[PDB]
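Visitor: Data: work_20.pdb, PDB, C-alpha atoms.
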```pdb
ATOM      1  CA  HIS W   3    -138.892   5.578 174.344  1.00  0.00           C
ATOM      2  CA  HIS W   4    -137.090   3.736 171.528  1.00  0.00           C
ATOM      3  CA  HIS W   5    -140.416   3.055 169.785  1.00  0.00           C
ATOM      4  CA  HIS W   6    -143.666   4.658 168.673  1.00  0.00           C
ATOM      5  CA  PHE W   7    -146.827   4.401 170.757  1.00  0.00           C
ATOM      6  CA  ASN W   8    -149.579   3.548 168.289  1.00  0.00           C
ATOM      7  CA  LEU W   9    -151.611   0.902 170.137  1.00  0.00           C
ATOM      8  CA  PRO W  10    -153.946  -1.687 168.722  1.00  0.00           C
ATOM      9  CA  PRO W  11    -157.652  -1.712 169.581  1.00  0.00           C
ATOM     10  CA  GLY W  12    -159.024  -4.898 171.072  1.00  0.00           C
ATOM     11  CA  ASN W  13    -158.569  -5.799 174.677  1.00  0.00           C
ATOM     12  CA  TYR W  14    -157.456  -8.630 176.909  1.00  0.00           C
ATOM     13  CA  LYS W  15    -160.878  -9.881 178.018  1.00  0.00           C
ATOM     14  CA  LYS W  16    -160.630 -13.167 176.181  1.00  0.00           C
ATOM     15  CA  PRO W  17    -157.851 -15.506 174.997  1.00  0.00           C
ATOM     16  CA  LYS W  18    -156.660 -15.229 171.390  1.00  0.00           C
ATOM     17  CA  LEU W  19    -154.863 -17.063 168.634  1.00  0.00           C
ATOM     18  CA  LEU W  20    -151.890 -15.023 167.363  1.00  0.00           C
ATOM     19  CA  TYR W  21    -152.033 -15.479 163.599  1.00  0.00           C
ATOM     20  CA  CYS W  22    -148.962 -14.611 161.523  1.00  0.00           C
ATOM     21  CA  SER W  23    -149.849 -13.621 157.959  1.00  0.00           C
ATOM     22  CA  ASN W  24    -146.311 -14.330 156.781  1.00  0.00           C
ATOM     23  CA  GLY W  25    -146.894 -18.084 156.503  1.00  0.00           C
ATOM     24  CA  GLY W  26    -150.348 -18.288 158.054  1.00  0.00           C
ATOM     25  CA  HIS W  27    -149.204 -19.964 161.286  1.00  0.00           C
ATOM     26  CA  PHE W  28    -150.600 -19.575 164.809  1.00  0.00           C
ATOM     27  CA  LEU W  29    -148.000 -18.935 167.544  1.00  0.00           C
ATOM     28  CA  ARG W  30    -147.537 -22.116 169.589  1.00  0.00           C
ATOM     29  CA  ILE W  31    -145.903 -22.728 172.977  1.00  0.00           C
ATOM     30  CA  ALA W  32    -145.453 -26.493 173.482  1.00  0.00           C
ATOM     31  CA  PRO W  33    -145.500 -28.219 176.919  1.00  0.00           C
ATOM     32  CA  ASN W  34    -141.698 -28.667 176.775  1.00  0.00           C
ATOM     33  CA  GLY W  35    -141.101 -24.937 176.338  1.00  0.00           C
ATOM     34  CA  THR W  36    -140.493 -25.034 172.565  1.00  0.00           C
ATOM     35  CA  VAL W  37    -142.015 -22.185 170.570  1.00  0.00           C
ATOM     36  CA  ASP W  38    -142.947 -22.284 166.900  1.00  0.00           C
ATOM     37  CA  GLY W  39    -145.924 -21.890 164.608  1.00  0.00           C
ATOM     38  CA  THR W  40    -148.575 -24.286 163.349  1.00  0.00           C
ATOM     39  CA  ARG W  41    -151.364 -24.078 160.829  1.00  0.00           C
ATOM     40  CA  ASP W  42    -153.487 -26.594 162.758  1.00  0.00           C
ATOM     41  CA  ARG W  43    -156.363 -24.719 164.407  1.00  0.00           C
ATOM     42  CA  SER W  44    -157.166 -27.796 166.466  1.00  0.00           C
ATOM     43  CA  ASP W  45    -153.836 -27.531 168.319  1.00  0.00           C
ATOM     44  CA  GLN W  46    -154.308 -27.135 172.065  1.00  0.00           C
ATOM     45  CA  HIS W  47    -151.197 -25.018 172.532  1.00  0.00           C
ATOM     46  CA  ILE W  48    -152.000 -22.012 170.367  1.00  0.00           C
ATOM     47  CA  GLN W  49    -154.645 -20.503 172.711  1.00  0.00           C
ATOM     48  CA  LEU W  50    -152.933 -17.556 174.424  1.00  0.00           C
ATOM     49  CA  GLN W  51    -154.071 -15.128 177.096  1.00  0.00           C
ATOM     50  CA  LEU W  52    -152.583 -11.657 176.917  1.00  0.00           C
ATOM     51  CA  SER W  53    -152.570  -9.297 179.864  1.00  0.00           C
ATOM     52  CA  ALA W  54    -151.398  -5.754 180.346  1.00  0.00           C
ATOM     53  CA  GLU W  55    -148.672  -5.061 182.863  1.00  0.00           C
ATOM     54  CA  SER W  56    -148.493  -1.391 181.921  1.00  0.00           C
ATOM     55  CA  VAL W  57    -150.216   0.354 179.048  1.00  0.00           C
ATOM     56  CA  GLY W  58    -148.795  -1.185 175.904  1.00  0.00           C
ATOM     57  CA  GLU W  59    -146.700  -3.797 177.785  1.00  0.00           C
ATOM     58  CA  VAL W  60    -147.975  -7.367 177.858  1.00  0.00           C
ATOM     59  CA  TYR W  61    -147.434 -10.916 178.958  1.00  0.00           C
ATOM     60  CA  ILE W  62    -148.494 -13.635 176.477  1.00  0.00           C
ATOM     61  CA  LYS W  63    -149.444 -16.858 178.232  1.00  0.00           C
ATOM     62  CA  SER W  64    -150.405 -20.343 177.126  1.00  0.00           C
ATOM     63  CA  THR W  65    -153.878 -21.035 178.528  1.00  0.00           C
ATOM     64  CA  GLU W  66    -153.223 -24.780 178.274  1.00  0.00           C
ATOM     65  CA  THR W  67    -149.896 -24.912 180.145  1.00  0.00           C
ATOM     66  CA  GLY W  68    -149.589 -21.612 181.977  1.00  0.00           C
ATOM     67  CA  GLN W  69    -146.214 -20.852 180.307  1.00  0.00           C
ATOM     68  CA  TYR W  70    -145.183 -17.334 179.427  1.00  0.00           C
ATOM     69  CA  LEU W  71    -143.731 -16.450 176.029  1.00  0.00           C
ATOM     70  CA  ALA W  72    -140.223 -15.084 176.587  1.00  0.00           C
ATOM     71  CA  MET W  73    -137.183 -14.148 174.473  1.00  0.00           C
ATOM     72  CA  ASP W  74    -133.745 -15.120 175.799  1.00  0.00           C
ATOM     73  CA  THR W  75    -130.419 -13.256 175.732  1.00  0.00           C
ATOM     74  CA  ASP W  76    -129.550 -14.636 172.290  1.00  0.00           C
ATOM     75  CA  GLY W  77    -132.912 -13.783 170.789  1.00  0.00           C
ATOM     76  CA  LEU W  78    -134.617 -17.166 170.968  1.00  0.00           C
ATOM     77  CA  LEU W  79    -138.241 -17.506 172.001  1.00  0.00           C
ATOM     78  CA  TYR W  80    -139.052 -19.984 174.770  1.00  0.00           C
ATOM     79  CA  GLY W  81    -141.817 -20.861 177.201  1.00  0.00           C
ATOM     80  CA  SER W  82    -141.080 -19.757 180.792  1.00  0.00           C
ATOM     81  CA  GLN W  83    -142.697 -21.348 183.837  1.00  0.00           C
ATOM     82  CA  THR W  84    -142.547 -18.054 185.715  1.00  0.00           C
ATOM     83  CA  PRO W  85    -142.844 -14.414 184.684  1.00  0.00           C
ATOM     84  CA  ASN W  86    -139.542 -12.588 184.340  1.00  0.00           C
ATOM     85  CA  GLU W  87    -138.079  -9.599 182.493  1.00  0.00           C
ATOM     86  CA  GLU W  88    -137.725 -11.605 179.313  1.00  0.00           C
ATOM     87  CA  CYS W  89    -141.523 -12.148 179.258  1.00  0.00           C
ATOM     88  CA  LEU W  90    -142.597  -8.546 178.725  1.00  0.00           C
ATOM     89  CA  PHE W  91    -143.430  -7.372 175.234  1.00  0.00           C
ATOM     90  CA  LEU W  92    -144.304  -3.954 173.816  1.00  0.00           C
ATOM     91  CA  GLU W  93    -147.572  -4.547 171.926  1.00  0.00           C
ATOM     92  CA  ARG W  94    -148.020  -2.071 169.116  1.00  0.00           C
ATOM     93  CA  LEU W  95    -150.197  -1.453 166.053  1.00  0.00           C
ATOM     94  CA  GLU W  96    -148.259  -1.817 162.744  1.00  0.00           C
ATOM     95  CA  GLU W  97    -149.156  -0.856 159.166  1.00  0.00           C
ATOM     96  CA  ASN W  98    -152.349   0.605 160.692  1.00  0.00           C
ATOM     97  CA  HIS W  99    -153.684  -2.925 161.164  1.00  0.00           C
ATOM     98  CA  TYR W 100    -151.455  -5.618 162.659  1.00  0.00           C
ATOM     99  CA  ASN W 101    -150.120  -6.207 166.134  1.00  0.00           C
ATOM    100  CA  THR W 102    -146.339  -6.482 166.642  1.00  0.00           C
ATOM    101  CA  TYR W 103    -144.532  -7.534 169.817  1.00  0.00           C
ATOM    102  CA  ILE W 104    -141.143  -6.104 170.699  1.00  0.00           C
ATOM    103  CA  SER W 105    -139.047  -7.656 173.452  1.00  0.00           C
ATOM    104  CA  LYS W 106    -139.027  -5.073 176.219  1.00  0.00           C
ATOM    105  CA  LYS W 107    -135.697  -6.305 177.552  1.00  0.00           C
ATOM    106  CA  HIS W 108    -134.159  -5.900 174.076  1.00  0.00           C
ATOM    107  CA  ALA W 109    -136.272  -3.039 172.814  1.00  0.00           C
ATOM    108  CA  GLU W 110    -133.217  -0.926 171.943  1.00  0.00           C
ATOM    109  CA  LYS W 111    -132.137  -3.635 169.485  1.00  0.00           C
ATOM    110  CA  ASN W 112    -135.605  -3.893 167.825  1.00  0.00           C
ATOM    111  CA  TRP W 113    -135.999  -7.608 168.534  1.00  0.00           C
ATOM    112  CA  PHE W 114    -139.528  -8.784 167.641  1.00  0.00           C
ATOM    113  CA  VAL W 115    -141.599 -11.908 168.051  1.00  0.00           C
ATOM    114  CA  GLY W 116    -141.769 -13.312 164.496  1.00  0.00           C
ATOM    115  CA  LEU W 117    -142.576 -16.454 162.509  1.00  0.00           C
ATOM    116  CA  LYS W 118    -140.956 -17.435 159.222  1.00  0.00           C
ATOM    117  CA  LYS W 119    -142.928 -18.797 156.283  1.00  0.00           C
ATOM    118  CA  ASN W 120    -141.921 -22.318 157.310  1.00  0.00           C
ATOM    119  CA  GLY W 121    -143.370 -22.000 160.804  1.00  0.00           C
ATOM    120  CA  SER W 122    -140.065 -21.636 162.661  1.00  0.00           C
ATOM    121  CA  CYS W 123    -139.549 -18.656 164.969  1.00  0.00           C
ATOM    122  CA  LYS W 124    -137.219 -15.876 163.940  1.00  0.00           C
ATOM    123  CA  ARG W 125    -134.255 -15.140 166.255  1.00  0.00           C
ATOM    124  CA  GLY W 126    -134.371 -11.608 167.667  1.00  0.00           C
ATOM    125  CA  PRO W 127    -131.471 -10.120 165.667  1.00  0.00           C
ATOM    126  CA  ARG W 128    -132.943 -11.452 162.421  1.00  0.00           C
ATOM    127  CA  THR W 129    -136.166  -9.494 162.879  1.00  0.00           C
ATOM    128  CA  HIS W 130    -136.701  -5.824 162.073  1.00  0.00           C
ATOM    129  CA  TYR W 131    -139.289  -3.270 161.160  1.00  0.00           C
ATOM    130  CA  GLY W 132    -140.712  -3.854 157.722  1.00  0.00           C
ATOM    131  CA  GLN W 133    -140.861  -7.632 157.756  1.00  0.00           C
ATOM    132  CA  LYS W 134    -143.955  -9.716 157.273  1.00  0.00           C
ATOM    133  CA  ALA W 135    -142.670 -12.192 159.907  1.00  0.00           C
ATOM    134  CA  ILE W 136    -143.454  -9.745 162.729  1.00  0.00           C
ATOM    135  CA  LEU W 137    -147.098  -9.042 161.762  1.00  0.00           C
ATOM    136  CA  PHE W 138    -149.796 -10.714 163.799  1.00  0.00           C
ATOM    137  CA  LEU W 139    -153.547 -10.643 163.997  1.00  0.00           C
ATOM    138  CA  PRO W 140    -155.239 -11.611 167.237  1.00  0.00           C
ATOM    139  CA  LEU W 141    -158.137 -13.943 166.320  1.00  0.00           C
ATOM    140  CA  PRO W 142    -160.846 -15.236 168.656  1.00  0.00           C
ATOM    141  CA  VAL W 143    -160.415 -18.781 169.987  1.00  0.00           C
TER     142      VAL W 143
END
```
Would you write out, as structure tokens, the structure that this file holds?
Guide:
Amino acid sequence: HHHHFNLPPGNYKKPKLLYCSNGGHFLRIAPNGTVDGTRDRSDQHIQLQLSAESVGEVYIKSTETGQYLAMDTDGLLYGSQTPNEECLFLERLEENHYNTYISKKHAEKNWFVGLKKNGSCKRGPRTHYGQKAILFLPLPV
């Protein structure tokens, strides 16, 4: 392993909103594959269904469009129509409270899912342990 194994409580029974405390945005996967954050709780593209592929490894899927969150070879998040290696994330507890998501494919480089204060996604290489951009809270839909 390149990372710790503290896991968050909660389960995958129901869909969730992934709330980023950094700027207070919900993770959003638009129909065209664009990923970003929005503060609008009425948005129909922020409802996500997580599922466990292996303990601590998850897929994050848009319930509205069926797209999978994925991080490409240059660190950019995108919505994928089909599940692939870039769609697996290591879900971990952080600061004894938050959930963080590390790209499994790029785990050795510590590339996380993250949202900036302005609602734009962080590129993999620009994320790292210690940032507020990588901290999420799964809220009920």
Visitor: When you draw a straight line from CA of residue 19 in chain W to CA of residue 84 in chain W, how long is it in Å?
Guide: 21.1 Å
Visitor: Name the residues in contact with range 138-143 of chain W at a cut-off of 8 Å, using all atoms listed in the file, excluding same-chain residues fewer than 5 positions from it; report them as a list in words.
Guide: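 Residues near the query, excluding close chain neighbours: residues 16, 17, 18, 19, 20, 21, 22, 23, 49, 100, 101 and 102 of chain W.
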Visitor: Excluding same-chain residues fewer than 5 positions from range 106-122 of chain W, what lies within 7 Å of it counting only C-alpha atoms, as a list in words?
Guide: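 In the requested format, the answer is residues 4, 22, 24, 25, 27, 38, 39, 40, 87, 88, 90, 91, 92, 127, 129, 130, 135 and 136 of chain W.
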Visitor: Determine the residue membership of the PyMOL selection byres ((chain W and resi 55-57) around 10) for the file above and supply it as a CSV table (one decimal) with C-alpha atoms, in the frame of the given file.
Guide:
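Listing of expr-v3.csv after writing:
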```csv
chain,number,residue,atom,x,y,z
W,7,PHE,CA,-146.8,4.4,170.8
W,9,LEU,CA,-151.6,0.9,170.1
W,52,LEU,CA,-152.6,-11.7,176.9
W,53,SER,CA,-152.6,-9.3,179.9
W,54,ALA,CA,-151.4,-5.8,180.3
W,58,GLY,CA,-148.8,-1.2,175.9
W,59,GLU,CA,-146.7,-3.8,177.8
W,60,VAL,CA,-148.0,-7.4,177.9
W,61,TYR,CA,-147.4,-10.9,179.0
W,90,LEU,CA,-142.6,-8.5,178.7
W,91,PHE,CA,-143.4,-7.4,175.2
W,92,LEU,CA,-144.3,-4.0,173.8
W,93,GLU,CA,-147.6,-4.5,171.9
```
Visitor: Have a look at CA of residue 85 in chain W and CA of residue 70 in chain W and let me know their distance in Å, one decimal.
Guide: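 CA of residue 70 in chain W lies at a distance of 6.5 Å from CA of residue 85 in chain W.
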Visitor: Could you check which of W:99, W:51, W:75, W:65 is closest to residue 15 in chain W, using all atoms listed in the file?
Guide: W:51
Visitor: Near residue 31 in chain W, within 10 Å and counting only C-alpha atoms, which residues show up once chain neighbours fewer than 2 positions away are dropped, as JSON, numbers by chain?
Guide: {"W": [28, 29, 33, 34, 35, 36, 37, 38, 39, 46, 47, 48, 49, 50, 63, 64, 65, 66, 67, 68, 69, 70, 71, 79, 80, 81, 82]}
Visitor: Grab the CA of residue 77 in chain W to CA of residue 44 in chain W distance for me, in Å with one decimal place.
Guide: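 Interatomic distance here is 28.3 Å.
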Visitor: Between W:128, W:41, W:3, W:30, single out the one closest to residue 62 in chain W, counting all atoms listed in the file.
Guide: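 With all atoms listed in the file as the atom set, the closest residue is W:30.
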Visitor: Taking into account only C-alpha atoms, which residue in the set W:96, W:133, W:123, W:104 is nearest to residue 10 in chain W?
Guide: W:96
